[PDB]
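Trainee: File name query-v2.pdb; file contents PDB, N, CA and C atoms; full text below.
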ATOM      1  N   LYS J   1      28.615 -59.270 -37.427
ATOM      2  CA  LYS J   1      28.333 -58.423 -36.274
ATOM      3  C   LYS J   1      29.278 -57.227 -36.233
ATOM      4  N   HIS J   2      29.410 -56.544 -37.365
ATOM      5  CA  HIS J   2      30.282 -55.378 -37.458
ATOM      6  C   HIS J   2      29.663 -54.179 -36.747
ATOM      7  N   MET J   3      28.483 -54.383 -36.170
ATOM      8  CA  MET J   3      27.785 -53.317 -35.460
ATOM      9  C   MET J   3      28.560 -52.897 -34.214
ATOM     10  N   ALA J   4      29.263 -53.850 -33.611
ATOM     11  CA  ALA J   4      30.048 -53.578 -32.413
ATOM     12  C   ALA J   4      31.282 -52.746 -32.744
ATOM     13  N   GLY J   5      31.896 -53.034 -33.887
ATOM     14  CA  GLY J   5      33.081 -52.304 -34.298
ATOM     15  C   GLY J   5      32.766 -50.889 -34.742
ATOM     16  N   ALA J   6      31.741 -50.746 -35.576
ATOM     17  CA  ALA J   6      31.338 -49.437 -36.074
ATOM     18  C   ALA J   6      30.776 -48.571 -34.952
ATOM     19  N   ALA J   7      30.053 -49.201 -34.032
ATOM     20  CA  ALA J   7      29.460 -48.488 -32.906
ATOM     21  C   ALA J   7      30.530 -48.040 -31.916
ATOM     22  N   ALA J   8      31.502 -48.911 -31.666
ATOM     23  CA  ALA J   8      32.584 -48.603 -30.740
ATOM     24  C   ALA J   8      33.457 -47.471 -31.273
ATOM     25  N   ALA J   9      33.835 -47.569 -32.543
ATOM     26  CA  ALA J   9      34.669 -46.553 -33.172
ATOM     27  C   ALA J   9      33.899 -45.250 -33.361
ATOM     28  N   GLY J  10      32.615 -45.367 -33.685
ATOM     29  CA  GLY J  10      31.790 -44.191 -33.888
ATOM     30  C   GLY J  10      31.455 -43.485 -32.588
ATOM     31  N   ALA J  11      31.253 -44.264 -31.530
ATOM     32  CA  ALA J  11      30.925 -43.706 -30.224
ATOM     33  C   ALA J  11      32.123 -42.980 -29.620
ATOM     34  N   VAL J  12      33.297 -43.592 -29.733
ATOM     35  CA  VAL J  12      34.520 -43.004 -29.199
ATOM     36  C   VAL J  12      34.877 -41.717 -29.934
ATOM     37  N   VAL J  13      34.975 -41.804 -31.256
ATOM     38  CA  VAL J  13      35.308 -40.646 -32.076
ATOM     39  C   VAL J  13      34.256 -39.552 -31.937
ATOM     40  N   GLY J  14      32.991 -39.959 -31.887
ATOM     41  CA  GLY J  14      31.909 -39.000 -31.755
ATOM     42  C   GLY J  14      31.956 -38.250 -30.438
ATOM     43  N   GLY J  15      32.438 -38.919 -29.395
ATOM     44  CA  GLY J  15      32.525 -38.293 -28.088
ATOM     45  C   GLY J  15      33.611 -37.237 -28.022
ATOM     46  N   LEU J  16      34.813 -37.599 -28.457
ATOM     47  CA  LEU J  16      35.941 -36.675 -28.443
ATOM     48  C   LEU J  16      35.772 -35.594 -29.507
ATOM     49  N   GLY J  17      35.306 -35.999 -30.686
ATOM     50  CA  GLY J  17      35.105 -35.054 -31.768
ATOM     51  C   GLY J  17      33.967 -34.091 -31.494
ATOM     52  N   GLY J  18      32.883 -34.608 -30.923
ATOM     53  CA  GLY J  18      31.735 -33.772 -30.620
ATOM     54  C   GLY J  18      32.028 -32.756 -29.534
ATOM     55  N   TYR J  19      32.902 -33.122 -28.604
ATOM     56  CA  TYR J  19      33.266 -32.236 -27.504
ATOM     57  C   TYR J  19      34.118 -31.073 -28.001
ATOM     58  N   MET J  20      35.268 -31.396 -28.583
ATOM     59  CA  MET J  20      36.174 -30.379 -29.102
ATOM     60  C   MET J  20      35.440 -29.423 -30.038
ATOM     61  N   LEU J  21      34.890 -29.967 -31.119
ATOM     62  CA  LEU J  21      34.161 -29.162 -32.094
ATOM     63  C   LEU J  21      32.944 -28.503 -31.452
ATOM     64  N   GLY J  22      32.434 -29.119 -30.390
ATOM     65  CA  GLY J  22      31.277 -28.577 -29.703
ATOM     66  C   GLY J  22      31.609 -27.333 -28.901
ATOM     67  N   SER J  23      32.613 -27.439 -28.038
ATOM     68  CA  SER J  23      33.026 -26.315 -27.204
ATOM     69  C   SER J  23      33.787 -25.280 -28.026
ATOM     70  N   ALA J  24      34.455 -25.743 -29.078
ATOM     71  CA  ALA J  24      35.220 -24.859 -29.947
ATOM     72  C   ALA J  24      34.307 -23.886 -30.684
ATOM     73  N   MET J  25      33.201 -24.404 -31.209
ATOM     74  CA  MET J  25      32.244 -23.581 -31.939
ATOM     75  C   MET J  25      31.354 -22.800 -30.977
ATOM     76  N   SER J  26      31.170 -23.341 -29.777
ATOM     77  CA  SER J  26      30.338 -22.697 -28.768
ATOM     78  C   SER J  26      31.040 -21.474 -28.185
ATOM     79  N   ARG J  27      32.365 -21.539 -28.110
ATOM     80  CA  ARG J  27      33.155 -20.439 -27.572
ATOM     81  C   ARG J  27      34.426 -20.230 -28.392
TER
END
Mind turning this structure into structure tokens?

Mentor:
Amino acid sequence: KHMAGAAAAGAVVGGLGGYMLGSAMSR
């Protein structure tokens, strides 16, 4: 059930990473 680990790590990193890189490239 490594789906919980990969999903948790991917969701967290994706949130912070998507925001910074998101607003950074947007402005």

Trainee: Which value, in Å to one decimal, gives the distance between CA of residue 24 in chain J and CA of residue 5 in chain J?

Mentor: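 That distance, rounded to one decimal, is 27.9 Å.
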
Trainee: In Å, how far is it from atom C of residue 27 in chain J to atom C of residue 8 in chain J?

Mentor: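 Those two atoms sit 27.4 Å apart.
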
Trainee: Suppose you want the space between CA of residue 10 in chain J and CA of residue 22 in chain J; what is it in Å?

Mentor: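 Result for CA of residue 10 in chain J versus CA of residue 22 in chain J: 16.2 Å, one decimal.
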